[PDB]
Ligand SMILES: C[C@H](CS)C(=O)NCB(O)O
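Take a look at this single chain in structure tokens; it is the form solved without this ligand.
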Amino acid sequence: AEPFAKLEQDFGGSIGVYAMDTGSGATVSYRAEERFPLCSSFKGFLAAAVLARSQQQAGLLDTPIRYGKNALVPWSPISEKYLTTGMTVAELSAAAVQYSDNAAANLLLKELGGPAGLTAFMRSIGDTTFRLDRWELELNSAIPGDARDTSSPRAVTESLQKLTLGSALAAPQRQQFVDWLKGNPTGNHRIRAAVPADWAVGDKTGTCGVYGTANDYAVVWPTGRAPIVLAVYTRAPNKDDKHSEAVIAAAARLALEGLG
């Protein structure tokens, strides 16, 4: 705990970390079973849920969604761009992962039966911690003590392992999920700043902002070695506290360094 504890004193909040080396089975854990707000990080699992549904509902991914302007939400750069023409379920899924597109996330949540439907998918793969309760943008409130729209670093990492490396998704769906996670058009740092430059990274960030709340999870492939899965989540006690990308990167470095 000691290096992580010092880091969270410099941050002024709480940090939760879980990392697993899928080769050795080694793990690093700090506050890994505490709850933290998901923020936009749920959008990675949302896309995985859509891919899983496609296995039982062939034709889903190519379905055109001709949404109206009322479906749009602040920070929906792709769905706003294509408002006049519409987008397929697959295109909305790519936008939700790669651009954190909020309207795309709400439209896809509708396809799955809402936040409860996404939560049920996570339960179906063995994740009993994840809960999504609200839609964009309400889910980002990050109020201290509120368990709505939260998970734990350990549950996030374990679920990400199952979906990107395990057999929770069929291999073609799995490869699509990985490919979406590897796209980095918003140019995020965080875990990407912690890994060696030759490692491949599939990541999804979250930035509630309020209460210094921000996070990142990733599957990372060291060249020629077994992949590592990790999650770093933060929150802070005061509404006005600023999140820190540098703290997330620093905690991710410690996690990678702490593995055996």
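A residue's number is simply how far along the shown sequence it sits, counting from 1.
Annotation for 63-71 versus 210-218: the higher mean temperature factor (C-alpha) is found in 63-71. Two stretches are in play, 231-239 and 49-57, and the higher mean C-alpha B-factor belongs to 231-239. The entry lists C-alpha B-factors for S152, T85, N106, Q161, and the highest of these is at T85. Take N188, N102, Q175, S93 and read off each C-alpha B-factor from the entry; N188 has the highest. Among the modelled residues of the chain, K204 sits in the lowest third by CA temperature factor in this PDB entry. Among the modelled residues of its chain, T129 has a C-alpha B-factor that falls in the middle third, as given in the PDB entry. When all modelled residues of the chain are sorted by CA temperature factor, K43 is found within the lowest third. In this PDB entry, the Cα temperature factor of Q98 sits in the top third of its chain's modelled residues, the highest group. Among the modelled residues of its chain, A246 has a C-alpha B-factor that falls in the highest third according to the deposited record.
Another form exists, deposited with this ligand bound; not displayed. Remarks below refer to it.
You can rule out all but one of 53-61, 33-41, 221-229, 193-201: in the entry with it bound, only 33-41 has residues with a heavy atom within 4.5 Å of this ligand. None of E136, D127, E91, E111 but one reaches within 4.5 angstroms of this ligand in the entry with it bound through a heavy atom, and that residue is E136.
With the partner removed from view, the residue among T119, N140, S152, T164 that has a non-hydrogen atom within 4.5 Å of this ligand in the entry with it bound turns out to be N140. Remark: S29 does not count among the residues lining this ligand in the entry with it bound, judged by a heavy atom distance of 4.5 Å or less. In the entry with it bound, no heavy atom of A49 sits within 4.5 Å of this ligand. When contacts are judged by a 4.5 Å heavy atom cut-off, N102 counts as touching this ligand in the entry with it bound.
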